[PDB]
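Please note: Cβ atoms are built from the backbone with ideal geometry, for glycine as well, and neighbour counts cover all protein chains shown. No value in this document is a laboratory result; all are computed from the given coordinates.
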Amino acid sequence: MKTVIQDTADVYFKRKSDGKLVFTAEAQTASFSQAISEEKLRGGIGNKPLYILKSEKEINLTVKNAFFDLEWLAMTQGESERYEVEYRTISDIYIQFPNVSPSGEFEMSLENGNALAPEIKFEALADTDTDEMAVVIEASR
Amino acid sequence: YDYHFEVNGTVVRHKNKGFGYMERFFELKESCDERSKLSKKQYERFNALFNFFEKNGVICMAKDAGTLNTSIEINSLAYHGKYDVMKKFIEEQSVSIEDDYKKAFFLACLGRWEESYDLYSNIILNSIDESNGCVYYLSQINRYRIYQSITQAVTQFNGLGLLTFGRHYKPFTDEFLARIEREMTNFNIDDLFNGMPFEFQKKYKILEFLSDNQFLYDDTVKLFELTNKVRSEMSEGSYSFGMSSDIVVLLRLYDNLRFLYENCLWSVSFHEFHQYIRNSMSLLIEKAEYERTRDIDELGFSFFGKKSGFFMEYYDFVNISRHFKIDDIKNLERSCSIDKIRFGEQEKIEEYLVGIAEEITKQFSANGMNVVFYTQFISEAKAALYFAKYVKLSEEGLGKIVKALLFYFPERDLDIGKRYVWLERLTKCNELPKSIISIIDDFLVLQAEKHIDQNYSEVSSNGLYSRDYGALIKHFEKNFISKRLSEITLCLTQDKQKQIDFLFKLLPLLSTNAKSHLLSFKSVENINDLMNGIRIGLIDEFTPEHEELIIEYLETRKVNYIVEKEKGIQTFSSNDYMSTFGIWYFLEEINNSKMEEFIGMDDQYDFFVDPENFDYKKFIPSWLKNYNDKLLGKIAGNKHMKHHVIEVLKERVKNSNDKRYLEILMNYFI
Amino acid sequence: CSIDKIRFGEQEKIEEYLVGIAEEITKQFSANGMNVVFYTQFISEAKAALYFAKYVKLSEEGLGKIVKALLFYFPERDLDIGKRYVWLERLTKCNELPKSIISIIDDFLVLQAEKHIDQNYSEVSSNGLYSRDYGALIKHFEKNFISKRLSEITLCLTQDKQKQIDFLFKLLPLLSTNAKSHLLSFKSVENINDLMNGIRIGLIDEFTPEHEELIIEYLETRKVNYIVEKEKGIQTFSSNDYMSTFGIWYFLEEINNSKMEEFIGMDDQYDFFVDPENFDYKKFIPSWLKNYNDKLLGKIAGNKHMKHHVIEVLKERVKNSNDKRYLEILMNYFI
């Protein structure tokens, strides 16, 4: 007999200037892609005296089953911005992504919203001064 | 469409603009005190609904779910292969139509298609007063499917059957086929659901996909997207939490299998579903193999520790041995190696294999059974035995499997060449108990006795003969010289001329007492004695007599080459094992000074004869195409050979790389 | 797959389609704006077309029109400063840069310079690419580009323009000699970030003792913070790979100070180079091999002690996995 085990992760997306919880949802996937690019970035010998180690890093996250905060909804509906994300996956870890950007796209379903496309993507933004893309905290098992 | 009932068993609201009737159901399900306030009839209805939902796997709403331990159980004797229990139920009496509807499916599984068609025709008539449309609708669909199966099998048995079998057995009489052709004409299955009453079209809309082109129609398209997503997630290097894109595929496949088998729908035995199962199992196997060799991440190692939700079990074993042909498993093995992906619940797998062996043993008692059952069962029994090497069997269960494999198991499709491969694969996972070697000895004794009549030539699709069984016995156990097989060696006269050569090839387990008769009639040839005798032993080295015996061959093939060497033609001898002696020069198996004269006739002859002197710019990849162990070790002992072989392997890896050129490379050279 | 092997036909209607998309974007975003219900169902197609237009050969005028809309009028909500450069580089590399496009990248740079007048505006990328990448892309095709307007804006700074000073310093090679002197009088190498920008610009060829002292201070403070953090489970994952660069410098003997040996245990890639003989060996992430320069790969393969285990790691990653780069670095550079 087969038995399937399915874990879950809770994601909290909120604002920066305040602790205003924008919303909470589950976890679907995370892509950490660090690599380099074509030869146009570095051509000939160039900087022969010193090695420069180019590292293009991207941190994408996908989220489903997201409901928006009632108080935040009321505040924003009645009349640029930098946000943050916190994970609470299971031991259990505390993933914190500061300064994330919410991407997204509108999809129209023929069957009046079959699965209702509740997928939201975040991309980690790296500033010239800030460097902590993600902070991981370890707690009791 | 008010809710989504996801495959994991969680309900999520979709529109539900009115009062939520599903969440309020789970409220009463959780709180026992709130269930008391319901009326008596409503309380009984609540109990009946709770039983149905619990049996179907519905758990709770999406939000209040948490960790979910989803379980799968298929309660169908047809799925597990309990053929004897199916026959017992068929032969017994039917209490009602609900038992006949399952007896018809059991008959269809067993292969008695005509009886199942007649029983379905009866059920269509005896399902009028009972006034339940589900049985009538399913009986119509199943009868249509069985008629399609019969008309398809007729096209094969009256087609290639002249060479497929030879007897050209027609199990369907020419009058039954005409009757089903008359009755099943202008059926128009597509117009079967629309003709039913409007109440039926609304109560049982979910059954509309059966009698339609929709049968595994949307499922295939939805599986295509899931396969694309799963393949993309294995190349971008990304993780997945909760219900991954592959776990959805597994749960959806085991939903379809359960729905088809537990409802006795014959449509589970067609092409649109067979391809679906093949694709789902291939994707799941690939995804399981990928996890075992995942790349360690800077944060992903701690970010996602477990990362696993799959483990091959008895259900996977049966779905792989019943829906995968032998060829498909053959390509899959070389690409993905499941030897590290172990199978669990091996007690149930052992029971399944023992049942397959028991069936294959019984069916040669008469060997005149239903032909369709044989055609559908030999493929499944030819794959479970091919697949048992990945499962650790046990004593006295493996004995029966090796019994049935090396016994009354159809020779027309499991000839001795493939039989030896099956046996060696089975023994790979095991350690070859003593009883197994005794059974192999018995097979050898009966096979030796069989060819005593006139010839009994060992026709094998593969290039492996009966000698390979004894060779494997001695390679794994160099102590099998038992007296019983020698009781036919020298106790019989050495004038049969066919048993003589068979004991010649089975020589390594034969002693000098047997030799005095068996080797007496046999003599020494040019290389024929070497090709037969020393190929399996009894000399094992180029003895002083061989020092001159090879002299004849070295000049016979030398003049044979010279005839077309002084003019130039294709009359060179096809017996190219003269290269082997040249090859034997390289691996310390030829130390003759006259072999410097034969250099120049074969491009690879001086290649092997001259381990360093040979000009290695002349070296060619083709000399390594068919190759073995000690020569592999002999490049590793010659640095200059190795220097050119690594170069040619790299050039091939850049020019023509397909599968094997790195296969030769990585095992050595470093 | 390999779409580059796929060869496209009718590269005159595709060019017209892309030019029409660029015209639509320019018209809508040069005015007050686009309709919100129409912006939803058009921008996804425009982004896809401008990203997929790398395999199409466009003319000089069409390329200029497309670049002038991919840099100026494409909203920052969709295409940030990083993805914008990543999409412009595909168009630039596939052609020979007809010199009409370099003048547009220069205009984009001068627009960013004007934007940088305010103190609180900082570029937010997502790949690690900024305007300095645009400046290096411009130099990759034209070797001198003594900029006119960039030099003019550089010759206007004061002591209260530190953000403008930093931005102009990150684009040093595009400035003229007068602008170079005026800016270099206004700032000097004083920080790890400034030191990195100096090497990328091409100023510090040799590390003076002051640079070594600053690097040692950076390592010491990093060790102090690491010891502070280890009391808890917090382990920060940064985006600047300075520790790896220090190890790569030590391995190549670009520095001659042995005190880097003390700071072992702060990183795993760092200890792989500072103390390769005592590295843990299976704390080695194989993907590091995919980033190193070919000269770095050759020098790593030169060290036989490192080579002995790196060959096994690469063999394991090649036989089990399936990637062209891994086997390539295995067979050309390694054994």
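A cut-off of 5 Å between modelled amide H atoms, ignoring neighbours fewer than 5 places along the same chain, links C:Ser125 with A:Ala126. Kirkwood analysis of the Cα pair distances in segment C:1-152 returns a hydrodynamic radius of 16.5 Å.
With the simple model of a label 7 Å out from the Cα in the direction of the Cβ, C:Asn193 to B:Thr173 spans 9.4 nm. Mean per-residue shielding of peptide A:117-130 is 4, counting Cβ atoms of other chains within 10 Å of each Cβ. Per residue, the average separation of C-alpha pairs within less than 8 Å and at least 6 apart gives chain B a relative contact order of 6 percent.
Under a Gaussian network description of chain C, with springs only between Cα atoms under 10 Å, the residue in C:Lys93, C:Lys83, C:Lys170 that fluctuates furthest is C:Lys93. Taking the fewest neighbouring Cβ atoms within 10 Å as the starting point, the ordered list for C:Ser126, A:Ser55 is A:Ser55, C:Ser126. A Cβ-based charge dipole, computed about the Cα centre of segment A:1-94 with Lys and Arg at +1 and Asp and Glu at -1, lands at about 500 debye. The long axis of helix B:639-655 is offset from the longest Cα principal axis of chain B by roughly 40 degrees. Placing unit charges on the Cβ atoms of the charged side chains and taking the dipole of chain B about its Cα centre, the candidate lying farthest along the positive direction among B:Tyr147, B:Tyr456, B:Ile124 is B:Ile124. Take the Cα of C:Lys290, go 7 Å toward its beta carbon, and the backbone nitrogen atoms of segment B:295-329 under 17 Å from that spot belong to B:295-301. In units of the rule-of-thumb radius 2.2 N^0.38 Å, chain B shows an alpha carbon radius of gyration of 1.26.
Computing FRET efficiency as 1/(1 + (r/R0)^6) for C:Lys13 and C:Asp107, where r is the C-beta to C-beta distance and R0 is 25 Å, gives about 0.30. Note on B:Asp255 and C:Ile117: their simple-model spin labels are 6.1 nm apart, each label 7 Å out from Cα toward Cβ.
Treating r as the C-beta distance of B:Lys659 and A:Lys20 and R0 as 41 Å, the FRET efficiency rounds to 0.10. Quick check for you: which residues of segment C:147-183 have the amide N under 16 Å from the point 7 Å beyond the Cα of A:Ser37 toward its beta carbon? Residues passing the 16 Å test: C:171.
Between A:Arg141 and C:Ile234, the simple spin-label model (points 7 angstrom out along Cα→Cβ) gives 2.5 nm. Karplus-derived 3J(HN,Hα) values for segment C:174-189, using 6.51 cos²θ - 1.76 cosθ + 1.60 with θ = phi - 60°, are 7, 7, 6, 5, 4, 5, 4, 5, 4, 6, 5, 5, 8, 7, 8, 5 Hz; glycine and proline are entered as x.
Each residue of segment C:249-254 is assigned a 3J(HN,Hα), and the resulting list reads 5, 5, 5, 7, 6, 7 Hz, derived from the Karplus form 6.51 cos²θ - 1.76 cosθ + 1.60 (θ = phi - 60°), x at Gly and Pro. Taken residue by residue and averaged, Cβ atoms of other chains lying within 10 Å of the Cβ of B:60-70 number 3.
For the protein assembly as shown, the square roots a ≥ b ≥ c of the C-alpha gyration tensor eigenvalues yield an a/c of 1.5 or more together with a/b not exceeding b/c, which makes the shape oblate. Within 10 Å of the Cβ of each residue in C:125-138, the mean number of Cβ atoms contributed by other protein chains is 4.
Its Cα centre serving as origin, the protein assembly as shown has a Cβ charge dipole (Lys and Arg +1, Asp and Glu -1) of approximately 1040 debye. Across segment C:156-292, Cα pairs under 8 Å and at least six residues apart give a relative contact order of 15 percent. Compare C:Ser321, C:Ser125, C:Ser151 in a GNM of chain C, Cα atoms joined below 10 Å, and give the one with the largest fluctuation. Maximum among the listed residues: C:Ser321. Since only A:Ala35, A:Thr24, A:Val4 are under comparison, the one whose Cα sits farthest along the positive direction of the charge dipole of segment A:1-53, derived from C-beta charges on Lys, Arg, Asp and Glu, is A:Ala35. The length gained on full extension between C:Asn225 and C:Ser100, counted as 0.36 nm times the residue separation minus their Cα-Cα distance, comes to 40.0 nm.
Across segment B:211-346, the volume of the C-alpha convex hull divided among the residues equals 125 Å³ per residue.
Put in line by how crowded their Cβ is, counting other Cβ atoms within 10 Å and starting with the fewest, B:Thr512, C:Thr40 read B:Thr512, C:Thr40.
For segment C:1-71, the tally of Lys pairs with Cα-Cα distances below 24 Å comes to 21, considering only residues 8 or more apart or on different chains. Our helix-only sum for the protein assembly as shown, with -39,500 (n - 2.57) per DSSP H run of n ≥ 4 divided by its residues, gives a mean residue ellipticity at 222 nm of -15000 deg cm²/dmol.
Under 5 Å between amide hydrogens, built in the peptide plane, is the criterion, and for A:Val11 it picks out A:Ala25, A:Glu26 among residues at least 5 positions away or on other chains.
Here segment B:588-638 is assigned +1 on the Cβ of each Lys and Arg and -1 on the Cβ of each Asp and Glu. Its dipole about the Cα centre then comes out at about 240 debye. Each residue of segment C:132-144 was assigned a 3J(HN,Hα) from its phi angle through the Karplus expression (A = 6.51, B = -1.76, C = 1.60, θ = phi - 60°), giving 4, 5, 4, x, 5, 4, 4, 6, 4, 9, 9, 7, 10 Hz with x at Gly and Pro. For A:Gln6, the residues 5 or more places off, or on other chains, whose built amide H falls under 5 Å of its own are B:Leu68, B:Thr70. If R0 equals 30 Å, the separation of the Cβ atoms of B:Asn575 and B:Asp495 corresponds to a calculated FRET efficiency of about 0.50.
Any idea how far the Cα center of segment C:161-195 sits from the one of segment B:488-549, in Å? That distance is 92 Å.
Rounded, prolate or oblate: which fits chain C when a ≥ b ≥ c are the square roots of the eigenvalues of the alpha-carbon gyration tensor, with rounded for a/c under 1.5 and prolate only if a/b beats b/c? Judged from the Cα gyration tensor, chain C comes out oblate (a/c at least 1.5, b/c at or above a/b). For the residue pairs B:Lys287/B:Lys474; C:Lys83/C:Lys319; B:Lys450/B:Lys634; B:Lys642/C:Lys299, the alpha carbons lie more than 31 Å apart in B:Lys287/B:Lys474; C:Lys83/C:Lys319; B:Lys450/B:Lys634.
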